[PDB]
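The structure file upload_36.cif is reproduced below (mmCIF, C-alpha atoms).
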data_query
loop_
_atom_site.label_atom_id
_atom_site.label_comp_id
_atom_site.auth_asym_id
_atom_site.auth_seq_id
_atom_site.Cartn_x
_atom_site.Cartn_y
_atom_site.Cartn_z
CA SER A 1 -16.34 -10.88 -5.28
CA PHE A 2 -14.47 -12.58 -2.43
CA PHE A 3 -12.68 -9.56 -1.01
CA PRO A 4 -15.58 -7.60 0.50
CA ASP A 5 -17.15 -10.59 2.28
CA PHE A 6 -14.25 -12.62 3.72
CA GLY A 7 -10.80 -11.31 2.84
CA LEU A 8 -10.76 -7.86 4.43
CA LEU A 9 -12.06 -9.19 7.76
CA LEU A 10 -9.18 -11.65 8.11
CA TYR A 11 -6.40 -9.13 7.58
CA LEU A 12 -8.21 -6.51 9.64
CA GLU A 13 -8.37 -9.05 12.46
CA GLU A 14 -4.61 -9.51 12.15
CA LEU A 15 -3.94 -5.82 12.80
CA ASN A 16 -3.01 -4.71 16.32
CA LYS A 17 -4.29 -1.65 18.19
CA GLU A 18 -1.93 0.85 16.55
CA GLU A 19 -2.39 -0.61 13.07
CA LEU A 20 -6.20 -0.59 13.26
CA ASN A 21 -6.32 3.10 14.17
CA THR A 22 -3.92 3.85 11.32
CA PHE A 23 -6.32 2.09 8.94
CA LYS A 24 -9.29 4.23 10.02
CA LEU A 25 -7.36 7.49 9.58
CA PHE A 26 -6.40 6.70 5.98
CA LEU A 27 -9.97 5.57 5.30
CA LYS A 28 -11.24 8.84 6.75
CA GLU A 29 -8.87 10.74 4.46
CA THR A 30 -9.98 8.62 1.50
CA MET A 31 -13.70 9.14 2.12
CA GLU A 32 -13.18 12.89 2.67
CA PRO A 33 -13.40 14.14 -0.92
CA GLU A 34 -16.49 11.98 -1.54
CA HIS A 35 -18.46 11.88 1.72
CA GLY A 36 -16.74 14.47 3.90
CA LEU A 37 -16.44 13.82 7.63
CA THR A 38 -20.03 12.55 7.76
CA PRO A 39 -19.39 8.82 8.16
CA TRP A 40 -16.17 9.34 10.13
CA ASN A 41 -18.04 9.33 13.44
CA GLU A 42 -19.33 5.85 12.63
CA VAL A 43 -15.98 4.60 11.33
CA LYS A 44 -13.85 5.87 14.24
CA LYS A 45 -15.72 3.85 16.87
CA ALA A 46 -16.59 1.00 14.49
CA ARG A 47 -15.72 -2.62 15.26
CA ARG A 48 -13.91 -4.71 12.61
CA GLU A 49 -17.12 -6.44 11.54
CA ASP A 50 -18.93 -3.10 11.34
CA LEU A 51 -15.94 -1.56 9.56
CA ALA A 52 -16.00 -4.30 6.91
CA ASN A 53 -19.71 -3.81 6.22
CA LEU A 54 -19.23 -0.03 6.17
CA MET A 55 -16.70 -0.36 3.36
CA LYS A 56 -19.07 -2.68 1.48
CA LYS A 57 -21.65 0.10 1.76
CA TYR A 58 -19.71 3.15 0.60
CA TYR A 59 -17.53 1.08 -1.73
CA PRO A 60 -19.53 -1.80 -3.28
CA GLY A 61 -18.02 -4.35 -5.68
CA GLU A 62 -14.34 -4.04 -6.54
CA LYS A 63 -14.51 -0.49 -5.19
CA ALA A 64 -13.79 -1.99 -1.78
CA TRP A 65 -10.75 -3.78 -3.21
CA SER A 66 -9.32 -0.65 -4.84
CA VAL A 67 -9.52 1.56 -1.76
CA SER A 68 -8.43 -1.12 0.74
CA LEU A 69 -5.32 -2.11 -1.23
CA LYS A 70 -4.35 1.57 -1.40
CA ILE A 71 -4.95 2.04 2.33
CA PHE A 72 -2.70 -0.94 3.11
CA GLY A 73 -0.16 0.73 0.84
CA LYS A 74 -0.23 4.00 2.76
CA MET A 75 0.01 2.05 6.02
CA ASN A 76 3.22 0.39 4.86
CA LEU A 77 4.68 3.73 3.77
CA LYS A 78 3.84 5.16 7.21
CA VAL A 79 5.91 2.46 8.91
CA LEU A 80 8.69 2.99 6.37
CA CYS A 81 8.46 6.77 6.75
CA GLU A 82 8.56 6.46 10.54
CA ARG A 83 11.58 4.16 10.20
CA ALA A 84 13.39 6.42 7.73
CA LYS A 85 12.65 9.44 9.93
CA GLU A 86 14.90 8.05 12.65
CA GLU A 87 17.66 7.00 10.25
CA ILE A 88 17.77 10.41 8.55
CA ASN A 89 17.81 12.10 11.95
CA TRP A 90 18.73 10.18 15.10
CA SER A 91 16.93 12.85 17.13
CA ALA A 92 13.52 11.83 15.75
CA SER B 1 0.68 18.58 -10.63
CA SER B 2 2.49 17.27 -7.54
CA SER B 3 3.13 13.54 -7.14
CA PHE B 4 6.81 13.81 -8.01
CA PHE B 5 7.13 10.42 -6.35
CA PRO B 6 9.62 8.74 -8.69
CA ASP B 7 11.87 11.81 -8.57
CA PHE B 8 11.70 12.57 -4.86
CA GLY B 9 9.47 10.08 -3.04
CA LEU B 10 10.03 6.60 -4.49
CA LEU B 11 13.83 6.73 -4.45
CA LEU B 12 13.87 7.08 -0.66
CA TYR B 13 11.42 4.26 0.12
CA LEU B 14 13.17 1.72 -2.11
CA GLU B 15 16.33 2.49 -0.13
CA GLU B 16 14.43 1.71 3.07
CA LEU B 17 13.64 -1.77 1.73
CA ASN B 18 16.11 -4.59 2.34
CA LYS B 19 17.15 -7.06 -0.37
CA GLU B 20 14.19 -9.41 0.09
CA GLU B 21 11.71 -6.53 0.34
CA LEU B 22 13.16 -5.06 -2.85
CA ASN B 23 12.81 -8.39 -4.65
CA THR B 24 9.24 -8.78 -3.38
CA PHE B 25 8.58 -5.30 -4.76
CA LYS B 26 9.88 -6.33 -8.19
CA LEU B 27 7.71 -9.46 -8.23
CA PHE B 28 4.52 -7.47 -7.63
CA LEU B 29 5.61 -4.97 -10.28
CA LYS B 30 6.02 -7.87 -12.72
CA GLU B 31 2.44 -8.94 -12.00
CA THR B 32 1.15 -5.43 -12.67
CA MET B 33 3.14 -4.81 -15.86
CA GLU B 34 2.38 -8.24 -17.34
CA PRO B 35 -1.06 -7.46 -18.79
CA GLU B 36 0.31 -4.12 -20.00
CA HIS B 37 3.95 -4.67 -21.02
CA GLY B 38 4.37 -8.44 -20.79
CA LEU B 39 7.70 -9.92 -19.72
CA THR B 40 9.62 -7.62 -22.08
CA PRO B 41 10.84 -5.11 -19.49
CA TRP B 42 10.86 -7.72 -16.71
CA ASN B 43 14.47 -8.60 -17.52
CA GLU B 44 15.47 -5.00 -16.87
CA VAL B 45 13.45 -4.76 -13.64
CA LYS B 46 14.73 -8.05 -12.20
CA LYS B 47 18.35 -6.90 -12.47
CA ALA B 48 17.55 -3.25 -11.72
CA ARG B 49 19.19 -1.33 -8.88
CA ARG B 50 17.01 0.80 -6.59
CA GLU B 51 18.09 3.96 -8.41
CA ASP B 52 17.57 2.24 -11.76
CA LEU B 53 14.21 0.86 -10.60
CA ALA B 54 12.90 4.36 -9.84
CA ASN B 55 13.70 5.64 -13.34
CA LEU B 56 12.08 2.57 -14.89
CA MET B 57 8.79 3.36 -13.14
CA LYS B 58 9.21 7.00 -14.14
CA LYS B 59 9.46 5.71 -17.71
CA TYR B 60 6.64 3.16 -17.99
CA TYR B 61 4.37 5.02 -15.57
CA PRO B 62 4.57 8.79 -16.20
CA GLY B 63 2.70 11.33 -14.08
CA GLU B 64 0.62 10.12 -11.15
CA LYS B 65 0.65 6.59 -12.58
CA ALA B 66 3.90 5.87 -10.72
CA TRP B 67 2.37 6.84 -7.37
CA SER B 68 -0.81 4.82 -7.94
CA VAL B 69 1.01 1.64 -8.97
CA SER B 70 3.59 1.98 -6.19
CA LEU B 71 0.89 2.46 -3.56
CA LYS B 72 -0.91 -0.68 -4.74
CA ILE B 73 2.34 -2.68 -4.73
CA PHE B 74 3.09 -1.56 -1.17
CA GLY B 75 -0.46 -2.64 -0.36
CA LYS B 76 0.14 -6.17 -1.63
CA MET B 77 3.52 -6.12 0.13
CA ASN B 78 1.75 -5.31 3.40
CA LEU B 79 -0.88 -7.99 2.80
CA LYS B 80 1.92 -10.50 2.22
CA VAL B 81 3.45 -9.63 5.60
CA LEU B 82 0.05 -9.90 7.29
CA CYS B 83 -0.64 -13.22 5.57
CA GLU B 84 2.70 -14.63 6.73
CA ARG B 85 1.96 -13.41 10.26
CA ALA B 86 -1.41 -15.15 10.58
CA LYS B 87 0.09 -18.25 8.98
CA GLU B 88 2.65 -18.30 11.81
#

In structure tokens, how does this file's structure come out?
Amino acid sequence: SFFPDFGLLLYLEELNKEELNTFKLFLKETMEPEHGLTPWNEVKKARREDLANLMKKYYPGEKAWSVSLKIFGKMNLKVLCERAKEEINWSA
Amino acid sequence: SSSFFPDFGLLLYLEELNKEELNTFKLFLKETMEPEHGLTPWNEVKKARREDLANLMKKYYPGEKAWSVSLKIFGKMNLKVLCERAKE
């Protein structure tokens, strides 16, 4: 159980302003069918340390690992999608 | 239903990847298939073209399995990039 305590915080800290917001949105979407928009208020304004503990709360154990890995996946696809969107059509 | 990712989604994103990104994708796939398929189909994947690669995932991971595995691989791929960034 190394991921919830130390791993997530390091990579989260590596994210810039745009990337961090992107993370929260996908998390919001992920928590939606299970918790609704109830914790979204907390998550949206949450700091990285608070965000890490929040995920430990709603997703304890390897649950944090499963959702986080998937969120990082969607984040990569977003960048790729945004990149492909300009190649497919040069008019954005 | 839905999640027709190998047929419509996956094929596009693989094409967005460069050579190194495609290889990195294959490596992570190898890691995932190992406890399930071993190194038996790894030979096929290693040499696989992007179009071939999509059908292979359609084969070994039918239904929404292809989307789930792909999403996790892209996650590790992103973590790799982030790791390399902090290391620099």

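Take atom CA of residue 75 of chain B and atom CA of residue 70 of chain A: the distance between them is 5.8 Å.
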
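This file, queried with the PyMOL selection byres ((chain B) within 6 of (chain A)), gives the residues residues 71, 72, 74 and 75 of chain B.
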
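Note that the spacing between atom CA of residue 60 of chain A and atom CA of residue 32 of chain B amounts to 23.0 Å.
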
**Study point:** Expected selection from the PyMOL selection byres ((chain A and resi 24-28) around 12), given as a PyMOL selection string
**Key:** chain A and resi 12+15+17-23+29-48+51-52+54-55+58-59+64+66-78

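One distance worth recording is that between atom CA of residue 54 of chain B and atom CA of residue 30 of chain B, which is 14.3 Å.
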
Review point. Could you tell me, as number ranges by chain, which residues have any atom at most 12 Å from (-1.4, 21.8, -11.4), counting all atoms listed in the file?
Key: B: 1-4, 63-64

Check your understanding: Using the chain letters and numbers from the file, which residues does the PyMOL selection byres ((chain B and resi 12) around 10) grab, as a list in words?
Key -> residues 80, 81 and 84 of chain A; 5, 6, 7, 8, 9, 10, 11, 13, 14, 15, 16, 17, 50, 51 and 54 of chain B

**Study point:** Sel. within 8 Å of pt (12.6, -3.9, -14.2), counting only C-alpha atoms, output as a ChimeraX atom specification
**Key:** /B:26,30,41-48,53,56

Practice item. For residue 2 of chain A, work out the shell of residues within 10 Å, counting all atoms listed in the file and skipping chain neighbours fewer than 3 positions away, then give it as a ChimeraX atom specification. Key: /A:5-8,61-62,65

Exercise for review: Measuring atom to atom with all atoms listed in the file, identify which of B:82, B:66, B:73, B:88 is nearest to residue 24 of chain B.
Suggested key: B:73

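Taking all atoms listed in the file into account, residue 80 of chain B lies nearest to B:27 out of the set B:33, B:27, B:39, B:57.
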
Output: segment 38-72 of chain B of the preceding structure, restricted to N, CA, C and O atoms, written as a PDB file, in the first residue's frame.
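File produced: selection06.pdb:
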ATOM      1  N   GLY B  38       0.761 -14.941 -20.914  1.00  0.00           N
ATOM      2  CA  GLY B  38       2.187 -15.207 -20.965  1.00  0.00           C
ATOM      3  C   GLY B  38       2.851 -14.466 -22.111  1.00  0.00           C
ATOM      4  O   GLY B  38       2.321 -13.469 -22.601  1.00  0.00           O
ATOM      5  N   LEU B  39       4.011 -14.952 -22.544  1.00  0.00           N
ATOM      6  CA  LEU B  39       4.725 -14.342 -23.663  1.00  0.00           C
ATOM      7  C   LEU B  39       4.370 -14.983 -25.001  1.00  0.00           C
ATOM      8  O   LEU B  39       5.074 -14.787 -25.992  1.00  0.00           O
ATOM      9  N   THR B  40       3.285 -15.749 -25.028  1.00  0.00           N
ATOM     10  CA  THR B  40       2.864 -16.415 -26.257  1.00  0.00           C
ATOM     11  C   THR B  40       2.434 -15.412 -27.342  1.00  0.00           C
ATOM     12  O   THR B  40       2.910 -15.500 -28.475  1.00  0.00           O
ATOM     13  N   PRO B  41       1.541 -14.454 -27.013  1.00  0.00           N
ATOM     14  CA  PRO B  41       1.164 -13.544 -28.097  1.00  0.00           C
ATOM     15  C   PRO B  41       2.079 -12.324 -28.187  1.00  0.00           C
ATOM     16  O   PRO B  41       1.878 -11.473 -29.055  1.00  0.00           O
ATOM     17  N   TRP B  42       3.063 -12.244 -27.297  1.00  0.00           N
ATOM     18  CA  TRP B  42       3.965 -11.098 -27.237  1.00  0.00           C
ATOM     19  C   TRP B  42       4.752 -10.927 -28.533  1.00  0.00           C
ATOM     20  O   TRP B  42       5.034  -9.804 -28.954  1.00  0.00           O
ATOM     21  N   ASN B  43       5.104 -12.047 -29.155  1.00  0.00           N
ATOM     22  CA  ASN B  43       5.812 -12.031 -30.430  1.00  0.00           C
ATOM     23  C   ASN B  43       5.001 -11.306 -31.495  1.00  0.00           C
ATOM     24  O   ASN B  43       5.539 -10.530 -32.284  1.00  0.00           O
ATOM     25  N   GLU B  44       3.698 -11.567 -31.503  1.00  0.00           N
ATOM     26  CA  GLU B  44       2.787 -10.947 -32.454  1.00  0.00           C
ATOM     27  C   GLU B  44       2.637  -9.451 -32.186  1.00  0.00           C
ATOM     28  O   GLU B  44       2.631  -8.644 -33.113  1.00  0.00           O
ATOM     29  N   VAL B  45       2.518  -9.091 -30.910  1.00  0.00           N
ATOM     30  CA  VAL B  45       2.326  -7.700 -30.505  1.00  0.00           C
ATOM     31  C   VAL B  45       3.559  -6.846 -30.800  1.00  0.00           C
ATOM     32  O   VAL B  45       3.445  -5.723 -31.294  1.00  0.00           O
ATOM     33  N   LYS B  46       4.735  -7.389 -30.492  1.00  0.00           N
ATOM     34  CA  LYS B  46       6.000  -6.682 -30.677  1.00  0.00           C
ATOM     35  C   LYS B  46       6.194  -6.232 -32.122  1.00  0.00           C
ATOM     36  O   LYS B  46       6.678  -5.130 -32.382  1.00  0.00           O
ATOM     37  N   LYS B  47       5.811  -7.095 -33.055  1.00  0.00           N
ATOM     38  CA  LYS B  47       5.981  -6.830 -34.479  1.00  0.00           C
ATOM     39  C   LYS B  47       4.734  -6.199 -35.096  1.00  0.00           C
ATOM     40  O   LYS B  47       4.736  -5.821 -36.269  1.00  0.00           O
ATOM     41  N   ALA B  48       3.673  -6.090 -34.302  1.00  0.00           N
ATOM     42  CA  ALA B  48       2.378  -5.631 -34.799  1.00  0.00           C
ATOM     43  C   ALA B  48       2.379  -4.181 -35.274  1.00  0.00           C
ATOM     44  O   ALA B  48       2.999  -3.308 -34.663  1.00  0.00           O
ATOM     45  N   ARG B  49       1.674  -3.941 -36.373  1.00  0.00           N
ATOM     46  CA  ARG B  49       1.399  -2.594 -36.856  1.00  0.00           C
ATOM     47  C   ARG B  49       0.234  -2.023 -36.052  1.00  0.00           C
ATOM     48  O   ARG B  49      -0.471  -2.770 -35.373  1.00  0.00           O
ATOM     49  N   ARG B  50       0.036  -0.709 -36.121  1.00  0.00           N
ATOM     50  CA  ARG B  50      -1.013  -0.043 -35.351  1.00  0.00           C
ATOM     51  C   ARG B  50      -2.389  -0.614 -35.680  1.00  0.00           C
ATOM     52  O   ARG B  50      -3.222  -0.803 -34.793  1.00  0.00           O
ATOM     53  N   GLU B  51      -2.620  -0.885 -36.960  1.00  0.00           N
ATOM     54  CA  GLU B  51      -3.880  -1.471 -37.398  1.00  0.00           C
ATOM     55  C   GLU B  51      -3.985  -2.913 -36.909  1.00  0.00           C
ATOM     56  O   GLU B  51      -5.049  -3.354 -36.475  1.00  0.00           O
ATOM     57  N   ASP B  52      -2.876  -3.640 -36.988  1.00  0.00           N
ATOM     58  CA  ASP B  52      -2.809  -5.007 -36.485  1.00  0.00           C
ATOM     59  C   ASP B  52      -2.977  -5.053 -34.969  1.00  0.00           C
ATOM     60  O   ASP B  52      -3.654  -5.929 -34.434  1.00  0.00           O
ATOM     61  N   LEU B  53      -2.352  -4.096 -34.288  1.00  0.00           N
ATOM     62  CA  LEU B  53      -2.399  -4.008 -32.832  1.00  0.00           C
ATOM     63  C   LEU B  53      -3.824  -3.842 -32.307  1.00  0.00           C
ATOM     64  O   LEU B  53      -4.186  -4.414 -31.278  1.00  0.00           O
ATOM     65  N   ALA B  54      -4.625  -3.055 -33.017  1.00  0.00           N
ATOM     66  CA  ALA B  54      -6.011  -2.814 -32.628  1.00  0.00           C
ATOM     67  C   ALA B  54      -6.846  -4.092 -32.672  1.00  0.00           C
ATOM     68  O   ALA B  54      -7.633  -4.360 -31.764  1.00  0.00           O
ATOM     69  N   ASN B  55      -6.670  -4.875 -33.730  1.00  0.00           N
ATOM     70  CA  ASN B  55      -7.390  -6.133 -33.883  1.00  0.00           C
ATOM     71  C   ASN B  55      -6.971  -7.168 -32.846  1.00  0.00           C
ATOM     72  O   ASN B  55      -7.785  -7.973 -32.393  1.00  0.00           O
ATOM     73  N   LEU B  56      -5.694  -7.143 -32.478  1.00  0.00           N
ATOM     74  CA  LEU B  56      -5.166  -8.045 -31.459  1.00  0.00           C
ATOM     75  C   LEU B  56      -5.834  -7.808 -30.108  1.00  0.00           C
ATOM     76  O   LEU B  56      -6.147  -8.755 -29.388  1.00  0.00           O
ATOM     77  N   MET B  57      -6.053  -6.542 -29.772  1.00  0.00           N
ATOM     78  CA  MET B  57      -6.706  -6.194 -28.515  1.00  0.00           C
ATOM     79  C   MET B  57      -8.192  -6.525 -28.594  1.00  0.00           C
ATOM     80  O   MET B  57      -8.808  -6.906 -27.600  1.00  0.00           O
ATOM     81  N   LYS B  58      -8.757  -6.365 -29.786  1.00  0.00           N
ATOM     82  CA  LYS B  58     -10.138  -6.746 -30.048  1.00  0.00           C
ATOM     83  C   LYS B  58     -10.315  -8.246 -29.838  1.00  0.00           C
ATOM     84  O   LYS B  58     -11.372  -8.708 -29.407  1.00  0.00           O
ATOM     85  N   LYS B  59      -9.262  -8.995 -30.146  1.00  0.00           N
ATOM     86  CA  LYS B  59      -9.265 -10.447 -30.012  1.00  0.00           C
ATOM     87  C   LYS B  59      -9.163 -10.904 -28.558  1.00  0.00           C
ATOM     88  O   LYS B  59     -10.074 -11.542 -28.030  1.00  0.00           O
ATOM     89  N   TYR B  60      -8.047 -10.565 -27.919  1.00  0.00           N
ATOM     90  CA  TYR B  60      -7.748 -11.021 -26.564  1.00  0.00           C
ATOM     91  C   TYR B  60      -8.579 -10.317 -25.495  1.00  0.00           C
ATOM     92  O   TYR B  60      -8.748 -10.834 -24.390  1.00  0.00           O
ATOM     93  N   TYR B  61      -9.096  -9.139 -25.823  1.00  0.00           N
ATOM     94  CA  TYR B  61      -9.917  -8.381 -24.884  1.00  0.00           C
ATOM     95  C   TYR B  61     -11.217  -7.925 -25.531  1.00  0.00           C
ATOM     96  O   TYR B  61     -11.343  -6.771 -25.937  1.00  0.00           O
ATOM     97  N   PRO B  62     -12.192  -8.841 -25.630  1.00  0.00           N
ATOM     98  CA  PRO B  62     -13.488  -8.539 -26.245  1.00  0.00           C
ATOM     99  C   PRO B  62     -14.382  -7.708 -25.330  1.00  0.00           C
ATOM    100  O   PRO B  62     -14.239  -7.765 -24.109  1.00  0.00           O
ATOM    101  N   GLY B  63     -15.294  -6.946 -25.923  1.00  0.00           N
ATOM    102  CA  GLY B  63     -16.214  -6.121 -25.163  1.00  0.00           C
ATOM    103  C   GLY B  63     -15.565  -4.867 -24.610  1.00  0.00           C
ATOM    104  O   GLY B  63     -14.768  -4.218 -25.289  1.00  0.00           O
ATOM    105  N   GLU B  64     -15.907  -4.529 -23.372  1.00  0.00           N
ATOM    106  CA  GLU B  64     -15.362  -3.343 -22.718  1.00  0.00           C
ATOM    107  C   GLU B  64     -13.984  -3.599 -22.112  1.00  0.00           C
ATOM    108  O   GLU B  64     -13.362  -2.687 -21.563  1.00  0.00           O
ATOM    109  N   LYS B  65     -13.515  -4.840 -22.205  1.00  0.00           N
ATOM    110  CA  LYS B  65     -12.182  -5.198 -21.726  1.00  0.00           C
ATOM    111  C   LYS B  65     -11.084  -4.422 -22.445  1.00  0.00           C
ATOM    112  O   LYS B  65     -10.090  -4.029 -21.834  1.00  0.00           O
ATOM    113  N   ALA B  66     -11.266  -4.203 -23.743  1.00  0.00           N
ATOM    114  CA  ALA B  66     -10.292  -3.461 -24.536  1.00  0.00           C
ATOM    115  C   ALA B  66     -10.152  -2.020 -24.061  1.00  0.00           C
ATOM    116  O   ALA B  66      -9.044  -1.491 -23.981  1.00  0.00           O
ATOM    117  N   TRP B  67     -11.279  -1.389 -23.745  1.00  0.00           N
ATOM    118  CA  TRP B  67     -11.280  -0.008 -23.271  1.00  0.00           C
ATOM    119  C   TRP B  67     -10.624   0.123 -21.899  1.00  0.00           C
ATOM    120  O   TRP B  67      -9.849   1.049 -21.657  1.00  0.00           O
ATOM    121  N   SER B  68     -10.941  -0.810 -21.006  1.00  0.00           N
ATOM    122  CA  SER B  68     -10.405  -0.801 -19.647  1.00  0.00           C
ATOM    123  C   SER B  68      -8.889  -0.964 -19.636  1.00  0.00           C
ATOM    124  O   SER B  68      -8.182  -0.224 -18.951  1.00  0.00           O
ATOM    125  N   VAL B  69      -8.398  -1.938 -20.395  1.00  0.00           N
ATOM    126  CA  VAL B  69      -6.969  -2.222 -20.450  1.00  0.00           C
ATOM    127  C   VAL B  69      -6.215  -1.079 -21.120  1.00  0.00           C
ATOM    128  O   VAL B  69      -5.141  -0.684 -20.666  1.00  0.00           O
ATOM    129  N   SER B  70      -6.795  -0.534 -22.186  1.00  0.00           N
ATOM    130  CA  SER B  70      -6.170   0.561 -22.919  1.00  0.00           C
ATOM    131  C   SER B  70      -6.030   1.781 -22.020  1.00  0.00           C
ATOM    132  O   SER B  70      -4.972   2.407 -21.963  1.00  0.00           O
ATOM    133  N   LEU B  71      -7.109   2.103 -21.316  1.00  0.00           N
ATOM    134  CA  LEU B  71      -7.142   3.243 -20.411  1.00  0.00           C
ATOM    135  C   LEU B  71      -6.068   3.134 -19.328  1.00  0.00           C
ATOM    136  O   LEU B  71      -5.426   4.125 -18.978  1.00  0.00           O
ATOM    137  N   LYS B  72      -5.879   1.929 -18.797  1.00  0.00           N
ATOM    138  CA  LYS B  72      -4.858   1.697 -17.779  1.00  0.00           C
ATOM    139  C   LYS B  72      -3.451   1.819 -18.360  1.00  0.00           C
ATOM    140  O   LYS B  72      -2.545   2.333 -17.704  1.00  0.00           O
TER     141      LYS B  72
END
